[PDB]
């Protein structure tokens with residue numbers, strides 16, 4: 006009674022949630038590392054502070070891990086399709102959301118690292134702007150979670 | 003088996019007295035204003051947090067969906 | 002322009018092939034072999050619904066996220082000489098999250114309508130389910146894209162606001178009016194998405 | 005071996021965490037012989055309440071073995087940080 | 297010498313009189329401090345051989361002053377996270393006295409984890425136990441200094457996190473069994489036309505019905521532990537927390 | 593109110609606070625098809641907005 | 003009753019520079035008074051405290067120089083107290099010079115020591131050369 010291929014959409018959800026999130030976090034990490042390497046030469050005392058954008062990106066990667074695992078542990082053979090599309094939506098929703106988050110993380114962090122070194126008063130603002138992007142990424146996680154019971 | 007009325011009385015009195023009478027029973031040092039703020043703010047936030055948790059579970063529309071092994075176990079556990 | 006050349010070549014070949022196949026089906030007088038109704042009916046409404054839901058949430062955050070770093074970089078750069086900027090110009094980012102929130106609320110309210118059908122043969126089955134499916138798809142798309150472009154607008158405008166305020170603190174308040182319009186544009190998309198799903202039923 | 009007193013201290017903390025948590029786990033199953043209900047049950051679970059009591063005792067045994075290993079680890083790390 | 301320099305620096309920040317080789321200086325100080333200062337001034341002038349009366353004249357006119365917030369070893373950290381956002385308006389309501397509790401509470405809701413709440417406090421305690429050793433030492437590691445300065449904030453954050461985790465009954469995903477779980481009476485479940493359901497159960501879960509006439513009664517404190525092992529906790533408990541956050 | 597007013601006895605088609613809140617703002621007051629939390633709620637919903 | 007910021011007055015005080023010296027000493031250790039700049043258009047040369055600050059800067063640098071050499075030598079000097087007494091006599095200038103002499107002496111000794119060290123090595127070679 007189960008439409009064939011019904012399990013195909015579900016499996017893709019778990020994969021996408023992880024892959025797109027890794028892409029975002031990796032982008033943010035790559036951007037931050039570039040700014041950190043350039044900044045840290047003149048002000049090595051800021052090396053520890055400069056990691057924050059990267060930790061935030063790492064959170065995005067976790068966001069994705071949570072959905073990918075939640076879906077994976079929710080896969081079966083006799084999937085009724087309805088459930089499968091919910092899982093695919095959850096994967097795609099958090100994936101793109103984390104991807105965009107990671108980009109905002111990376112771009113802002115790069116500028117933030119340089120700005121803070123030149124003007125330490127900008128440190129709090131740097132965290133704030135990255136914080137909003139992390140909150141946006143969380144939404145991506147939550148909606149993926151909501152679908153799991155619909 | 004439990005009623006809701008008793009839990010509410012016990013914990014409402016606890017946090018209520020702390021937030022209302024508490025300020026009367028406080029050291030007179032330079033931190034008195036902070037301790038009074040603590041007593042009142044704590045009682046209000048803590049009470050409301052708990053009250054929702056216990057109130058929200060009254061008149062439930064459904065029970066838990068349990069795995070087979072647990073369902074059997076409970077027969078001889080609770 | 003290696004990537005732009007790739008994108009163009011794919012775009013042109015993609016549509017050029019569609020033109021040849023479409024016209025050929027006509028030329029060889031095929032019995033409407035390419036049947037749009039067939040595609041729409043065999044394609045499960047569940048995909049359309051869940052796609053629109055994912056779009057509503059996913060596109061909206063992309064917009065916000067786009068604008069955030071647009072204004073973030075401008076603020077961080079300018080703020081080196083005008084640290085006052087962070088005091089007021091953060092509201093540009095609040096508008097960006099607010100655009101995401103518009104879509105987020107709709108994404109949840111729409112998904113709350115998702116139900117199973119227990120349906121099989123589309124023949125005389127789910128007549129209403131197809132309407133609701135397509136409507137949910139549209140409403141999700143409607144708000145998603147609308148918030149996407151709003152978030153870009155707000156970012157561009159907020160960038161100018163930060164650059165302006167760095168040089169003249171009196172300009173901040175007046176400029177705020179532009180971002181408000183940007184937010185209103187996104188709300189317009191919300192109004193339509195609400196109407197589109199105002200009378201739907203699933204299952 | 006020295007290994008560094010900073011890392012010996014970390015081992016001592018993990019060892020204390022291990023002994024405390026693992027013994028607690030065995031106790032909870034031993035008392036409620040329970041909500042967690044994670045003793046590694048069989049799939050072909052029959053109508054035998056005694057099977058839950060028996061598996062719970064197995065969990066306690068296994069947990070105390072793990073604690074015993076943390077006792078050995080903590081002992082070794084203890085001497086390292088003290089001598090360092 | 298560093299103090300000497302400090303003094304001369306301050307002495308530069310003055311106006312030199314023409315009538316007498318005297319300086320006039322302006323300070324912004326509350327009355328409490330002004331009384332203490334007058335006494336301090338007598339002490340100072342007495343150390344100087346000239347014992348000059350050194351008149352300080354109060355100014356009726358008020359000039360937009362800096363914001364002075366008295367803090368202590370515990371509340372200083374909370375004031376700083378307020379100041380990080382901005383310096384409040386003169387005579388503005390200071391949010392910090394409310395932050396001391398409000399912020400830990402919001403964290404405890406965000407971090408409502410009983411088990412980690414304990415670990416979190418223990419971390420803070422470690423720092424406090426070395427308080428005397430950390431203060432009277434060199435601390436070039438700014439991240440360590442920051443968390444040390446916030447050590448009393450962290451401790452409180454853990455304290456409330458335990459409170460909220462306890463009501464949620466989650467300690468590393470572990471429930472807290474107070475022997476009060478009476479949500480349902482399984483013995484009556486089987487009586488309600490469920491005979492040997494554990495045979496079919498091998499392929500099913502089966503959700504416990506509401507109001508069967510034999511179930512009911514709240515959990516004495518917090519969420520009934522039974523939901524911690526349910527497959528639908530994700531609707532029962534998720535909904536409650538949704539409504540709680542809004543409220 | 594919802595927590596204290598309705599039991600499982602009305603769990604089927606139980607009133608949804610999300611829908612009533614939305615209908616409140618929009619002044620949408622269907623005559624039937626959706627159970628209200630309490631009699632006269634429509635009047636209160638309109639009044640407050 | 004809500005917590006609010008403390009008052010900062012606009013008061014002005016007027017007194018002799020000697021009494022001012024002592025008072026600044028007292029107020030700085032007290033730590034409770036926030037001063038305003040009475041001459042925003044006047045530079046340090048214009049304030050006429052530049053001689054005192056310069057003296058401070060020079061002795062400061064000299065002390066730091068010596069301190070750096072002292073630190074290089076790994077000396078135990080606990081630097082335990084007496085700091086709270088904080089006197090500021092004008093005789094500090096003479097104290098500074100005596101400390102200046104130490105710097106010069108120490109530099110001279112190291113310079114000479116290196117020179118002697120070099121001579122030693124050359125003579126050491128000679129020992130082998132013979």
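Protein chains in written order, with the authors' numbering: chain A, 6 to 155; chain B, 3 to 80; chain C, 2 to 204; chain D, 5 to 37, 40 to 90; chain E, 297 to 543; chain F, 593 to 641; chain G, 3 to 132.
Just so you know, even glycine gets a beta-carbon here, dropped at the ideal spot from N, CA and C.
Note down, in chain order, each residue of its chain lying with its Cβ closer than 8 Å to the Cβ of residue i, except the 5 sequence neighbours on either side.
i	result
residue 188 of chain C	103
residue 31 of chain D	66
residue 96 of chain A	17, 18, 19, 20, 21, 22, 72, 73, 76, 149
residue 53 of chain G	none
residue 34 of chain C	26
Who are the neighbours of residue i on chain I, taking C-beta pairs under 8 Å?
i	result
residue 610 of chain F	This model lacks chain I altogether, as its protein chains are A, B, C, D, E, F and G.
Can you check DSSP and say which residues form a bridge with residue i?
i	result
residue 324 of chain E	G/36
residue 34 of chain D	None, per the DSSP bridge assignment.
residue 24 of chain C	In DSSP, residue 24 of chain C forms no bridge with anything.
residue 16 of chain G	E/320, E/351
residue 311 of chain E	E/320
residue 67 of chain B	E/503
Taking 7 Å as the CB-CB limit, is residue i close to chain A?
i	result
residue 276 of chain E	Residue numbering for chain E in the displayed model covers 297 to 543; residue 276 of chain E lies beyond these limits and cannot be assessed.
residue 62 of chain C	yes
residue 380 of chain E	yes
residue 139 of chain C	no
Please confirm if residue i has its CB atom under 7 Å from at least one CB of chain D.
i	result
residue 525 of chain E	yes
residue 78 of chain B	yes
residue 494 of chain E	yes
residue 499 of chain E	no
residue 521 of chain E	yes
Taking CB distances under 7 Å as the criterion, tell me whether residue i reaches chain E.
i	result
residue 600 of chain F	yes
residue 154 of chain A	yes
residue 148 of chain A	no
residue 26 of chain B	no
Apart from the five residues just before and just after residue i, which ones in its own chain have a Cβ nearer than 6 Å to its Cβ?
i	result
residue 32 of chain A	107, 108, 111
residue 451 of chain E	417, 420
residue 45 of chain D	61, 62, 65
Return yes when at least one heavy atom of the ligand ATP lies under 6 Å from the C-beta of residue i, else no.
i	result
residue 89 of chain C	Summarising the ligand content, the structure contains no ligands, and the ligand ATP is consequently not present.
Of all the CB atoms in chain B, is at least one closer than 7 Å to the CB of residue i?
i	result
residue 631 of chain F	no
residue 624 of chain F	no
residue 463 of chain E	yes
residue 50 of chain D	no
Which same chain residues end up closer than 7 Å to residue i when comparing Cβ atoms and leaving out the 5 residues on each side of it in sequence?
i	result
residue 435 of chain E	441
residue 63 of chain A	30
residue 35 of chain A	111
If we define contact as Cβ-Cβ less than 7 Å, is residue i a contact residue for chain G?
i	result
residue 541 of chain E	no
Using a C-beta cutoff of 7 Å, does residue i count as contacting chain C?
i	result
residue 97 of chain A	yes
residue 137 of chain A	yes
Less than 7 Å between CB atoms is the rule here; does residue i satisfy it with respect to chain F?
i	result
residue 507 of chain E	yes
- Uninterrupted alpha helix (DSSP H) stretches inside the stretch 45-100 of chain G (no shorter than 4 residues): 46-49, 52-74
- Message: If we require 3 or more residues per run, which beta strand (DSSP E) segments fall completely within the stretch 325-376 of chain E?
- Response: Within the stretch 325-376 of chain E, the complete beta strand (DSSP E) runs of at least 3 residues fall at 351-353.
- Message: Please give the ranges of any beta strand (DSSP E) in the stretch 49-78 of chain C, keeping only runs that are unbroken, at least 3 residues long and fully inside the region.
- Response: Restricted to the stretch 49-78 of chain C, not a single beta strand (DSSP E) segment is unbroken, complete and at least 3 residues in length.
- Short-range partners of chain A found in the stretch 37-50 of chain C, where Cβ spacing is below 8 Å: Only 45, 47, 48, 50 from the stretch 37-50 of chain C bring a Cβ to less than 8 Å from some Cβ of chain A.
- Output, in sequence order along the chain, the residues in the stretch 51-67 of chain B whose CB is closer than 7 Å to any CB in chain E. 51, 52, 54, 55, 56, 58, 59, 60, 62, 63, 64, 65, 66, 67
- Message: So within the stretch 453-536 of chain E, which uninterrupted alpha helix (DSSP H) runs reach at least 4 residues, ignoring any that extend past its ends?
- Response: 482-487, 493-496
- Name the residues in the stretch 30-59 of chain A whose C-beta lies less than 7 Å from a C-beta of chain E; which are they? 53
- Message: Can you pull out the residues from the stretch 70-90 of chain C whose beta carbon lies closer than 7 Å to at least one beta carbon of chain A?
- Response: 70, 73, 74, 76, 77, 78, 80, 81, 84, 87
- Message: Give me the subset of the stretch 52-78 of chain D whose CB atoms are less than 7 Å from a CB atom of chain B, sorted by chain position.
- Response: Residues of the stretch 52-78 of chain D with a C-beta atom less than 7 Å from some C-beta of chain B are 53, 55, 58, listed in chain order.
- Message: At a CB distance below 8 Å, what residues from the stretch 60-82 of chain G approach chain E? Give them in sequence order.
- Response: The stretch 60-82 of chain G vs chain E, Cβ under 8 Å: 61, 62, 65.
- Query: Can you list, in chain order, the stretches of the alpha helix (DSSP H) that have 4 or more residues and sit fully within the stretch 130-183 of chain C?
  - Reply: none
- Message: Along the stretch 12-23 of chain D, where does the CB come closer than 7 Å to a CB of chain E? Name the residues.
- Response: none
- Note down, in chain order, all residues in the stretch 412-442 of chain E with a beta-carbon under 7 Å from any beta-carbon belonging to chain A. 438, 439
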